[PDB]
C-alpha cells in the first residue's frame, strides 16, 4: 500500500460529529476521509488518511510516507500548528511539499492561533472553509502532479 | 441584472503576466476573470469582477455592490490587506461576507505581510495556490448560495 | 465662498443611514451636514463640508482649504486616523488647527483602533458621542473664533 | 443630596489657576463647578460635584452616588486614568454610565498617558477642549435623560 | 470504569515521593489519589483518575471521558499547561468543565511558567497549596453537581 | 520621447514654498524639478517628473514607467514610505531600481517615521539634505547609466 | 539496564542520511551511536542510546534513567528543545546532569530556534559541530566521572 | 509653619527598625528625621518632614507645601515611584523642584522596580546608599538654596 | 592641523579593496581619501581624514577636532553606529555638525543594523551609494560652509 | 607568525585563576594556551594566540590574521559577544571561519547574555564546558584543516 | 513590453452583451478584446487595449501611447466621434496614425451621427460590420508594419 497522496489530521479532529451532533455539523472525520478517497480515486490517484492525538504518531507516519513515495501531504495539524517544531522538521526533513488546511477561520480567534510553525513552508494554506478546504487542497494536489 | 458575486483585485494585480512572462506565467488578470465567469456561468450565477490601484475606487465599488445586492465578495486585496482599515470597514459597513485570496504564500515572505486588516472578518482565506485560489473561493461561494 | 470652518468626513461615512436603519438608525451624512450648517448659520459663521472615500481627495481638499483661508477644521477621519500619515502631514503642512471627531467610542473596539496618526496634533478629540460630537466640536470652534 | 448627575474631578485638579495665574490662566476648578451647576440649574437638573486627591474617597463617592440614584457620571479622573483599576471597577460595579473628560490633549503628552483604564467602558471620551469638555458632556447627559 | 468525575495529572507528577524524600517528604502521587478516592466515595460520587507523560494519552483520556458522561474534570497539567493547545482544544471539544490545579506556586518561578493555555477557560485555578488544592477542587466540584 | 529617469514626489510635497516662505525657504516643488531638468539636460539624459497626493495615481505612473522603459526611479514617497506596501509592490512588480530621497532627517523625528516600506529595496537612501538630496541621486543615477 | 551514561536523540534524528545523501552526507544516527559506543567502551564506561519521535517516550526513558542509576545524560533534544517544558521538568525531576547537543548551528537559523527550555539548566551546550559534538560531549562526560 | 525644605517618606517607611532588625540596621524613620532636622539647623534652614501610607495624604501635603512657600522637596516615594502618576502631577503642578531618594538600590531588584513616574522630573536620584542618601540630598538642597 | 572638514572612518573600513578585489571591487580607503582631499582642494577647503578600529581613537580624534576648529564632520561609523553611545556623546559634546555615510544599504541587511545611535542627531544620512556617498556629503558640506 | 590557527581570548580572560581560586578553580589563561599549543604541535599545526581587553586590538589582530593566511579562528569573545558588531564585521571581512567558545554556560545567566552578534556566523559554538571547549574546538578545527 | 498597436474603445461600449442578450448577440467587449489579442499573437504583434466612459482618461491614454511608442491606433470612439475635438487634437498632437471603427452603420442612423471629428484624419474607416470591423483594422495595421 503506497499512497501517492497522504492526508493527515492532527489532534481532536476525531471528535467531528461526535458531540451534539448538530453543534456545527453531523459530519464526521470518516465522512471527510471517504469523500476525499473517492475524489482521489476518480482521478486515478491513491490517497491515504491518518489521524492521531499523539504527536509522535504523526511524525512516524510522516517518516513512513517518505519511503512509500507519497508525493504530497495535505495536513490539518489543528492545535499542533501553533506548537510542533518536531512536525515542521519532519515535513521539512523528508521534503514532501504540503498544503495546510483548517476548518475554522484561525485569524478570527485567539492571538496564539495566528502563529504557525508550518505555514511559511507550505505551498499554501486554506482556513475557514470547513471540510471543503480539504477537497480544494486535494484538487490542487491532483493537478500539481498531473 | 445584478451580480450575485463580485470579485475584487487590489493594486498591482493588473501587472500579472506583463513582465518576463516566464517569471511567473503569462496568466493575466483578464485570463483569470474569464475562467471565473465561465465557471459562474455553469452554475447559473452572475459574476462581476473589478480591479484598481486606487483604494478609494475599491471602496466605492464595494458600496456600489451593496446597492446592486451582491451577496458574496471574493477579494484579493493584495498589499492593502496589510495597510487598509478603510477597506475592512467598507466590507463590514456594507455587511457583505467575503473570501480572501492571495496568489503567493504570504507566510513565506516578509514579517509585515503576516498582519491583515481583513482576514479575521473573512469567511475564510486561501493563499499560495495561485489562480486556483479564486476558483476555490468561487466553488465555495456557489454552494453557499445554492 | 469662502468658509471659516470646514468639516471633513472620511471614507465610509457616506454609508450612514443606508443599511438596516432599524438597528443603526436613519440619520444620513447629509442630515448631519444640514444640522451643522444651521448651527454655524445661527452663530453668523460660514461652514463648508466635504466627504470622500479617496484619501488623495481629502488631502487635496485640505490644501485648498489653506488657500480659502479656513480657520479651523473639524475632521472625522474614520479609518484614516489609524493609517494616514499623509493626512497628518497635510494638516500640519497647511497649519490649520483641527478637532478630531469619531461617532463611536474607538477605545471600545479592536486594539488597532486605539492608535491614531492625528490625535496627538488635534486641539482635542471627541469619540463615542455619536453625531453630537460634530456639534460640540463646532460649538468649541465657534467660541474659539468669534 | 440627592442629584441626577455627578461630576467627579480626580487628583490635582484643585490646583487649576492657583499658580502662575497669567500663563495657564485664572480659570479654576471652582469657576468650572459654578458654570456647570448653573448650566444644570437652567435646564432644571440637579448637579453635584466632587474632588479629592484620595482614590478611596473617589471610589466611595461613586458607591454613595449609586445609592442616591445618580443617572450619569461625568468624570475627569486625571492621573488615575492611567493607573486605577479600582476606579474602573467601582463604576462597572455600580453600573452608572459615564463620559470621560480631560482638560488637555492626553495624546499630545507622554506615552504613559495614552493608556486609560476607563475609556473602553465610557460612553465616550472628550480630551483637549479645556473647560467646555465638561460643558459638552453635561449637555449630552441632559439631552440623554430628557 | 467508568466514572462521574475525573482527576488528571500531566507528566512528571508520577515522581512525587520517588525523588529521594528529603526534598518534599515521602508523599507520592498514589497517596494523593487514595485521599481523593476516599473524599469522593464518602459523598456517593465516583471518581476515576489518570496519569501519563504522553500528551496524546491524556487527550484520548479526555475524549474517552465524554462517552463515560464525566460531568467535571480536575486537572494538574503540569508542564502541559504552558505548551498544550491540543489539551485546551480537547477540554473545549468535549465541553466538560474543569478546575486547574498546581502543587507549587507557579507565579514564583521562571517567567515562562506564567503563561497557561487552560487557565482562561477553567472554572477556576488553584496553585501553591500542594495536595490540599486537589481536595478543595473536589470539594467545589461536588457542591456544584448538586 | 520616453524618459530614462523618472522622479516621483509623494503627497504634500506640492506645498513647498507656499506658506510662510520664512519656513525652510521660498523653494517650490517646481524649482526642484527645473534644477533637476537642467542637470539631466547637461548629461544629455531625459528626465520626467510626477507628483500627486493620491497613492493610486503614483502606482499607475510607476506601471506606465515600466511600459515606457524607465531605467531608474528617484522617489520621495514622503508620507507614503511609512504606510504604503502597494507602492513597494509596485516598484518590485516593475523591477525598476530606485533611490529613496527625503528632504528632512526622518530619524530625528517621530519614531513612526523610522519605518520604511521601501528603503530595504532601494539602491540607496538620502535624508536630511533638503533639495540637494535629489541632485545627488540624479548624479548617482546618471553615472550608473553609461 | 543499567547504563552509566545515556545519549538521548530527539525527534526526526532517525532521518540522518536517509534522503539525497549529498545534501548532508551519509552519516546516520546509527553510525553516530556506534562511534560513541566505541569511544565509551575504549574508556571502559557503559553507554546506552535512545531515540523517539514521541516526547512522552523520552520523558519515560528519563524517569527510568533515575531508577537504573544513570549518572549523566548527553541529549540532542532536536526540536523539543524549543517546545518541551515537560522534557525540562523531567531532567530536573530526576536531577541527572546533562549536556545539550545540536548538529547544526541553531543560532544561524530561524529566530524561534534561538530559545531553549533546556540550555540554561545544562552543564554546557555544543551546536554546529555535527556528530563530533556528540563525541566532545562524551569526552567531557567520561572525565566528569573518571 | 512656615517651612523651606520638606522631606516626604512614602508607604512602609514607618516600618524601618521596627522588625528585628538584622535585615540590615536598627535604624528608624524617626532616627533619620532627627538626623535631617539637626543637619538643617546647622545651616539655619528650617525643615519639616512627612510620612504616610496614603497617596492622597502625600498629594495634599505637596499642595500645602506650595501654600507654605516650600522651596524644595526631598521625597522618598517608595513603591509609589513605580505606580503613582498622581504624585508626579502633584509635584509638577505645584512646581517645586525635588530630589528623589531610595534606601536600597532599586535596579538590583525586580524589573518592575526599574520604572519611575518621577525620576525623569526630579533634579536627581540617589538609590542604594541607605539613610545617608537623605543627608546628601539635604546638603545638595542647602547649597542650591544658599 | 588645520582642517575645516574632517572625514572619519569607523572600524574595518581599512579593508576596502583588500580581500579578493573582485568581491566588491579594487577601491581602497586610501583611494577614497585622495579623491575627497582633492575635491576639497578644488574648493580651497582643507579636509583631513581618519580611520581606526579603536573606538577611543575616534572619540579622541573628535575631541581634537574641536580644538582644531573643524566646522563639519563627515563620518562613516561602520559597525559603531549600532553600538556606540560614546561616539554620539562625543559628537554632541564638541557640537560639530555631521553627516552620516554608509557604503552599503544598511536597511537591506540585518535588523540590528536598522538601529543607529547617531542618525537622529546628524544633519542627514546617506547609505547604499558606495564611496560616492562621501563625495556627495562633501559637496553638501562645502556649500554649507562656502 | 605565520600561523595556521589563531586562538583569540576577549576582555577579562586574563583574570582566570587570580581571584579566590577555590570557588572557580585554578586554571589560568596561560594554562589554556599551553595546552592548545601542545595539542597543536602534536599534529604539526602552527598555532598563535592572543588576548586583550581592547576591542580595537582584537579587530587589528583579526586583520593581521588574514594577511598571515590564518585558516581558522577559535575565539572566546567573552563580553564582546553581546556588544560588538565591529568584531562580527571584522571576521566576516577577513572571511575566516571561526568557532565561538565560552567557559561558563552563557544561557544560565542574565537574559542579556542570551543574544550574540557572532554566534549565527560561527561554524559552531561551545559553552559551559570549561577549558575543554577550547580543545574540542581545536580538535574539530584540525580535522577540518587536516 | 510596449505595445505596437493600441485598441481604444469609447463610452458605453462596455455595455456590450449585458442587457437582453437577444440584442445583437451575447458578444461582450472582453470577447472582442480577446479575439483581437489572439489575432495579434498569431502575427507576433503586441497589442494593448483600453476602454473608458471618461474622455480625459482616453486622451491621457493616447498621450501615454506616444511615450511608449505605439505605432498605430485602432479607435472606436463611439459617441465621442461626433462631439470630441479634444480627441482629435490628441491623436494629431501625438501624430499616431489611426483607423476609426464603428460596429453599427452610422450613416443609417440620425443625421447628427453623420458628422465625425476624426474621420478626415483617419487612415480609414469601417462602419456597419460589427466586431469584424476591428479584425479588419488589425489585419490592416499588421500588414502596414513590416
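One-based numbering along the chain as shown.
Looking at the header, which is where the method is noted, we find X-ray crystallography, 2.5 Å.
Every residue, even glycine, has its Cβ placed from backbone N, Cα and C.
Over in Swiss-Prot, the protein carries these features:
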ACT_SITE  C:24  active site, proton acceptor
ACT_SITE  C:102  active site, proton donor
BINDING   C:76, C:82, C:89, C:103, C:104, C:113  substrate binding site
SITE      C:19  site 'Transition state stabilizer'
All-chain count of other Cβ atoms within 10 Å of residue C:89 (substrate binding site): 20
Spatial neighbours, same chain, of residue C:19 (site 'Transition state stabilizer') - Cβ under 8 Å, 6+ residues apart: none
Rounded distance in angstrom between the Cα atoms of residue C:76 (substrate binding site) and the residue listed as 'active site, proton acceptor': 18
Intrachain C-beta neighbours of residue C:24 (active site, proton acceptor), sequence separation six or more, cut-off 8 angstroms: C:17
Among C:76, C:104 [binding-site residues], residue with fewest other Cβ within 10 Å: C:104
Site with most surrounding Cβ atoms, counting all protein chains shown within 10 Å, from the recorded positions C:102, C:113: C:102
Residues satisfying Cβ distance under 8 Å from residue C:82 (substrate binding site), sequence separation of at least 6: C:112, C:113, C:115, C:116, C:117
Recorded positions among C:19, C:24, C:102, C:103 whose Cβ lies under 8 Å from any chain F Cβ: none
Coarse DSSP state, helix versus strand versus coil, of residue C:76 (substrate binding site): strand
Residues C:76, C:82, C:89, C:103, C:104, C:113 [recorded substrate binders]: greatest CA to CA distance in Å: 25
Near chain B - the recorded positions C:24, C:76, C:82, C:89, C:103, filtered by Cβ distance under 8 Å: C:82
Rounded Cα-Cα span from the residue listed as 'active site, proton donor' to residue C:89 (substrate binding site), Å: 20
All-chain count of other Cβ atoms within 10 Å of residue C:103 (substrate binding site): 22
